[PDB]
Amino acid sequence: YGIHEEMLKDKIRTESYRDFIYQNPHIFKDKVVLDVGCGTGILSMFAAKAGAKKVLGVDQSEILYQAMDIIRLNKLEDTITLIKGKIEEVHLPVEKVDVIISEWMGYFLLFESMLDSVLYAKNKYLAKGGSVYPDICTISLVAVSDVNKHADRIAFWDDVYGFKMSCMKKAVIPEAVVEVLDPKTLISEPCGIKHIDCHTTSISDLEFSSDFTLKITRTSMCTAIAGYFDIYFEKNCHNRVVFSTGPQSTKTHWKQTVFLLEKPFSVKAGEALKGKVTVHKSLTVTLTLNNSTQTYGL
């Protein structure tokens, strides 16, 4: 229940979806809409208000029972039908749908995300000429300098209340951190490492490699690499909607994902820093930079 309240209070997330739906009613007017992982059913109710003919909300979680009561309190049961279960298992009362909407995104976009479900739903249920929203996603990396925070996580273990705990460093390094970053600590321009169009993407496309270049903007000690993602509502929209989960933008519940570097190294403003990143499916992230390679998990 906690997460749903948090997600609803995430204004950037929820109002982006609201605006997309309300400002593009033509996408919904008299349409059949599927809401994959509907939670409390908020997106389905948006879709109904924007003039959807039928809305099907699917979720495996016990939140669905609350969704049912919520739909009744708003007198929408004649438009919105809720079904408990995994999208891959449930039986729908229609063969095809016109529009798929979902808030599926995880930390670093892909960690524990529902994208597999959305893609499954797209392939089985989306009608010819149909649409999936949000339709476009990108992932970006950005270099960080924060010697003090690095010291708090790493050098910290050298002397703990007068005792050596150095071996613990090996255990902190592989754990990606979900946290809001001070944007002043960013020492490079961002670099996109992934672009996903939900209309063309397959499940195999979610495991990917990318070479990247970080355009350094401040001479400093690089201590970590941060990742985040942008969400776009584009196809057939008169009013496009974008939101970023990056540190230069208002915080969201996704915050940013931080991959700590074991051995910080100096960089110079104007320098082009090259590395390589690979994502495998929980998810892991393999980072090569400055001739070090580390695999991270969440």
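Just count from 1 along the sequence shown to find any residue number.
Where coordinates are absent for parts of the deposited sequence, a chain break appears; between neighbours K281 and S282 it spans 4 to 9 residues. Stretches 175-183 and 118-126 differ in mean C-alpha B factor, with the higher average recorded for 118-126. Relative to one another, 221-229 and 95-103 have unequal mean CA B-factors, and 95-103 is the one with the higher figure. Across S44, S61, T252, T257, the entry's maximum B-factor at the CA atom is seen for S61. Each of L109, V144, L206, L141 has a CA temperature factor in the record; the biggest one is found at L206. The entry lists a Cα temperature factor for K54 that places it in the middle third of the chain's modelled residues. Sort the modelled residues of the chain by CA B factor and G85 lands in the highest third. In the PDB entry, a CA B factor belonging to the middle third of its chain's modelled residues is recorded for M7. Residue-level temperature factors show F265 in the middle third of its chain, judged at the C-alpha atom.
Per the deposited record, the Cα B-factor of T245 falls in the lowest third when ranked against the other modelled residues of its chain.
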